[PDB]
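For reference, final.tsv is printed below; it contains TSV, C-alpha atoms (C1' of nucleotides).
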```
chain	number	residue	atom	x	y	z
A	147	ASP	CA	-21.78	-86.28	-55.51
A	148	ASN	CA	-23.24	-85.62	-58.95
A	149	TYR	CA	-22.08	-82.80	-61.24
A	150	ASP	CA	-25.30	-80.92	-60.46
A	151	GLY	CA	-25.22	-82.13	-56.84
A	152	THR	CA	-28.80	-83.43	-57.07
A	153	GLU	CA	-27.79	-87.13	-56.80
A	154	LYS	CA	-24.90	-89.40	-55.79
A	155	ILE	CA	-22.82	-92.01	-57.64
A	156	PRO	CA	-20.57	-94.72	-56.12
A	157	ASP	CA	-16.87	-93.96	-56.00
A	158	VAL	CA	-16.05	-97.63	-56.64
A	159	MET	CA	-18.16	-100.75	-57.11
A	160	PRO	CA	-18.07	-103.42	-54.33
A	161	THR	CA	-17.00	-106.10	-56.78
A	162	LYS	CA	-16.65	-109.83	-56.25
A	163	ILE	CA	-15.08	-110.50	-59.69
A	164	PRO	CA	-11.46	-109.37	-60.35
A	165	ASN	CA	-12.72	-107.31	-63.27
A	166	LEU	CA	-9.42	-105.67	-64.27
A	167	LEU	CA	-7.50	-108.90	-64.88
A	168	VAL	CA	-10.57	-110.76	-66.11
A	169	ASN	CA	-12.06	-108.36	-68.68
A	170	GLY	CA	-8.89	-106.35	-69.27
A	171	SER	CA	-8.83	-102.69	-70.23
A	172	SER	CA	-7.58	-100.29	-72.88
A	173	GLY	CA	-7.41	-96.50	-72.81
A	174	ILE	CA	-5.39	-93.50	-73.96
A	175	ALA	CA	-4.62	-90.77	-71.42
A	176	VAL	CA	-2.60	-87.60	-72.07
A	177	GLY	CA	0.68	-88.88	-70.59
A	178	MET	CA	-0.12	-92.52	-69.80
A	179	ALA	CA	-1.76	-95.34	-71.73
A	180	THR	CA	-3.14	-98.59	-70.29
A	181	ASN	CA	-3.44	-101.92	-72.11
A	182	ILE	CA	-4.25	-104.97	-69.95
A	183	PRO	CA	-5.26	-108.29	-71.60
A	184	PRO	CA	-8.25	-110.34	-70.38
A	185	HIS	CA	-7.79	-113.49	-68.30
A	186	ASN	CA	-9.77	-116.60	-67.38
A	187	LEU	CA	-11.92	-116.20	-64.28
A	188	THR	CA	-11.20	-119.60	-62.70
A	189	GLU	CA	-7.43	-119.19	-62.96
A	190	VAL	CA	-7.51	-115.65	-61.57
A	191	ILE	CA	-9.72	-116.77	-58.67
A	192	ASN	CA	-7.27	-119.62	-58.02
A	193	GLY	CA	-4.44	-117.09	-57.93
A	194	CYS	CA	-6.42	-114.91	-55.52
A	195	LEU	CA	-7.06	-117.90	-53.25
B	1	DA	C1'	-52.14	-66.86	-120.32
B	2	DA	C1'	-51.19	-72.52	-120.03
B	3	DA	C1'	-47.75	-76.25	-118.39
B	4	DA	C1'	-43.78	-77.71	-115.50
B	5	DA	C1'	-40.58	-77.74	-111.71
B	6	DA	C1'	-38.31	-75.79	-106.98
B	7	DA	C1'	-38.86	-74.58	-102.41
B	8	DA	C1'	-40.87	-74.29	-97.76
B	9	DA	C1'	-43.76	-75.59	-93.85
B	10	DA	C1'	-43.72	-80.69	-89.79
B	11	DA	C1'	-43.75	-85.53	-88.22
B	12	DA	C1'	-41.60	-89.96	-90.24
B	13	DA	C1'	-37.75	-93.55	-92.64
B	14	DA	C1'	-32.46	-94.08	-93.12
B	15	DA	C1'	-27.46	-92.62	-93.25
B	16	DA	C1'	-22.28	-89.84	-93.22
B	17	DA	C1'	-17.57	-87.14	-91.27
B	18	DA	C1'	-13.34	-84.10	-88.97
B	19	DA	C1'	-10.09	-83.85	-84.79
B	20	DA	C1'	-7.24	-85.24	-79.62
B	21	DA	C1'	-4.53	-88.43	-76.78
B	22	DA	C1'	-0.14	-92.99	-76.68
B	23	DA	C1'	2.06	-97.23	-78.67
B	24	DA	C1'	2.69	-100.50	-81.93
B	25	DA	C1'	3.01	-101.94	-86.72
B	26	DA	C1'	3.55	-101.33	-91.76
B	27	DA	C1'	4.89	-98.51	-96.30
B	28	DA	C1'	7.93	-95.64	-98.47
B	29	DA	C1'	11.49	-92.78	-99.21
B	30	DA	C1'	16.33	-91.42	-98.17
B	31	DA	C1'	22.31	-91.89	-96.78
B	32	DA	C1'	25.72	-95.05	-96.92
B	33	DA	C1'	28.56	-99.67	-96.77
B	34	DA	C1'	29.61	-102.91	-100.05
B	35	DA	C1'	30.69	-105.26	-104.00
B	36	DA	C1'	30.45	-105.67	-109.81
B	37	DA	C1'	32.18	-103.32	-113.59
B	38	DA	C1'	35.30	-100.53	-116.30
B	39	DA	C1'	39.86	-97.66	-117.69
B	40	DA	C1'	44.63	-97.56	-117.58
B	41	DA	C1'	49.80	-99.01	-115.85
B	42	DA	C1'	53.39	-103.11	-115.45
B	43	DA	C1'	54.16	-107.47	-115.63
B	44	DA	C1'	54.84	-113.20	-116.67
B	45	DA	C1'	52.71	-118.23	-118.28
B	46	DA	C1'	51.76	-119.97	-122.96
B	47	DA	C1'	52.54	-120.68	-127.89
B	48	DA	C1'	56.01	-120.96	-130.75
B	49	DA	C1'	59.82	-123.44	-132.31
B	50	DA	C1'	62.94	-127.25	-132.93
B	51	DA	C1'	65.05	-131.72	-132.36
B	52	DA	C1'	64.36	-136.09	-130.62
B	53	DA	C1'	61.71	-140.11	-129.42
B	54	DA	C1'	58.79	-144.60	-128.51
B	55	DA	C1'	53.13	-146.27	-127.58
B	56	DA	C1'	49.11	-147.69	-129.81
B	57	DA	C1'	46.51	-148.59	-134.52
B	58	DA	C1'	47.38	-152.48	-138.23
B	59	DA	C1'	47.51	-157.22	-139.16
B	60	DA	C1'	46.92	-162.79	-138.41
B	61	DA	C1'	43.02	-165.49	-136.18
B	62	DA	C1'	40.29	-168.09	-132.38
B	63	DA	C1'	36.03	-167.74	-129.50
B	64	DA	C1'	32.73	-166.03	-126.56
B	65	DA	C1'	29.33	-162.54	-125.59
B	66	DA	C1'	26.10	-161.29	-128.63
B	67	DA	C1'	21.38	-159.17	-131.60
B	68	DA	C1'	17.83	-161.40	-134.56
B	69	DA	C1'	14.11	-165.01	-134.39
B	70	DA	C1'	10.37	-167.29	-131.82
B	71	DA	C1'	7.03	-167.23	-128.18
B	72	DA	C1'	4.18	-165.77	-124.15
B	73	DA	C1'	2.33	-162.31	-121.60
B	74	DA	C1'	1.96	-157.26	-119.11
B	75	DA	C1'	0.25	-153.17	-119.71
B	76	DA	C1'	2.98	-147.60	-120.95
B	77	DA	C1'	1.41	-144.28	-124.19
B	78	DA	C1'	-1.84	-141.97	-127.71
B	79	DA	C1'	-5.95	-139.81	-129.19
B	80	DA	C1'	-10.65	-138.31	-127.92
B	81	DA	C1'	-13.91	-136.12	-124.46
B	82	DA	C1'	-14.02	-132.48	-120.73
B	83	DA	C1'	-12.38	-128.91	-117.39
B	84	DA	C1'	-8.92	-124.91	-115.59
B	85	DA	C1'	-4.73	-121.24	-116.02
B	86	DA	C1'	-2.81	-117.66	-118.02
B	87	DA	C1'	-1.78	-114.14	-121.71
B	88	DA	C1'	-2.76	-110.28	-126.26
B	89	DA	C1'	-6.71	-107.49	-128.32
B	90	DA	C1'	-9.53	-103.97	-127.95
B	91	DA	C1'	-11.93	-100.35	-125.66
B	92	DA	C1'	-12.37	-97.03	-121.78
B	93	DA	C1'	-10.80	-93.30	-118.66
B	94	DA	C1'	-8.98	-88.97	-115.12
B	95	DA	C1'	-5.92	-85.48	-115.10
B	96	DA	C1'	-4.78	-81.78	-117.98
B	97	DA	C1'	-3.87	-78.06	-121.57
B	98	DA	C1'	-7.13	-74.96	-123.94
B	99	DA	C1'	-10.94	-71.71	-124.11
B	100	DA	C1'	-14.68	-68.46	-122.32
B	101	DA	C1'	-17.43	-65.71	-118.50
B	102	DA	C1'	-17.58	-63.14	-114.02
B	103	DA	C1'	-15.15	-60.39	-109.69
B	104	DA	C1'	-11.94	-56.54	-108.15
B	105	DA	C1'	-9.18	-52.33	-109.08
B	106	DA	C1'	-9.07	-48.25	-111.61
B	107	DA	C1'	-9.20	-43.41	-112.05
B	108	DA	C1'	-12.34	-38.88	-115.41
B	109	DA	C1'	-15.60	-36.20	-114.16
B	110	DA	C1'	-20.00	-34.48	-111.90
B	111	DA	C1'	-24.32	-34.44	-108.32
B	112	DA	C1'	-25.17	-33.69	-104.05
B	113	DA	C1'	-23.71	-32.35	-99.78
B	114	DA	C1'	-21.09	-29.81	-95.95
B	115	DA	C1'	-18.81	-25.83	-94.47
B	116	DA	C1'	-17.43	-21.08	-94.19
B	117	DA	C1'	-16.43	-15.80	-96.13
B	118	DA	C1'	-18.11	-10.99	-96.51
```

Since I need it in another form, could you write the structure as structure tokens?
Amino acid sequence: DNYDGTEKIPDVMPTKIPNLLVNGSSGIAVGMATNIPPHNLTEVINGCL
DNA sequence: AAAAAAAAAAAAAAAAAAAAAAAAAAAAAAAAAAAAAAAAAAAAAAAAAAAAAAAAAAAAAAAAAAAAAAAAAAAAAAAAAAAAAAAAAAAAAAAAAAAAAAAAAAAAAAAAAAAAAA
């Protein structure tokens, strides 16, 4: 649900691309901190296969 | 009383900055090992000193590698043009001590007010 409750948002996208390994990520939480480098799409798909 | 400049209304153009949260790097300032350097002790190889000696400069003189002369030929270096690197000369500057103008505390004394006595 939305913050107002008037609409709805997806909880997670039904992806076909491994977006986390491919595009990477970077963020600063309060206790944690993520830093994932990007990867090549063909190699990651080969690993998935 | 004339001139000039600020400011404010509302639709337009275009910008700038402070913090949180984790993880890694980069400056920049300290204790603290670690070795030069220096003062002040005892200690010990070198100059002195002397007598005694024999190894290499003189001297004779031949001769054999030599330095000047002659020639031919190759082409390194010097001076004149330009084009870059790198350092004193001179002038400028931002904090920084000096001076001057405005805010807060001070009481002396009185106007107005509030309150109560007989």

Give as a ChimeraX atom specification every residue of chain B that touches chain A within 9 Å, counting only C-alpha atoms (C1' of nucleotides).
/B:21-23

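The two atoms in question, CA of residue 190 (chain A) and CA of residue 158 (chain A), are spaced 20.5 Å apart.
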
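Put simply, CA of residue 172 (chain A) is 20.3 Å away from CA of residue 157 (chain A).
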
Could you tell me how far CA of residue 184 (chain A) sits from CA of residue 165 (chain A), in Å to one decimal place?
8.9 Å

Quick one: axis-aligned box around all listed atoms of region 160-176 of chain A, 3 Å on every side, centre and edge lengths in Å to one decimal, written as JSON.
```
{"center_x": -10.3, "center_y": -99.2, "center_z": -64.1, "size_x": 21.5, "size_y": 29.2, "size_z": 25.6}
```

Find the spatial neighbours of residue 168 (chain A), counting only C-alpha atoms (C1' of nucleotides), within a cut-off of 8 Å - ignore same-chain residues fewer than 4 positions away - and output them as a list in words.
residues 163, 164, 184, 185, 186, 187 and 190 of chain A
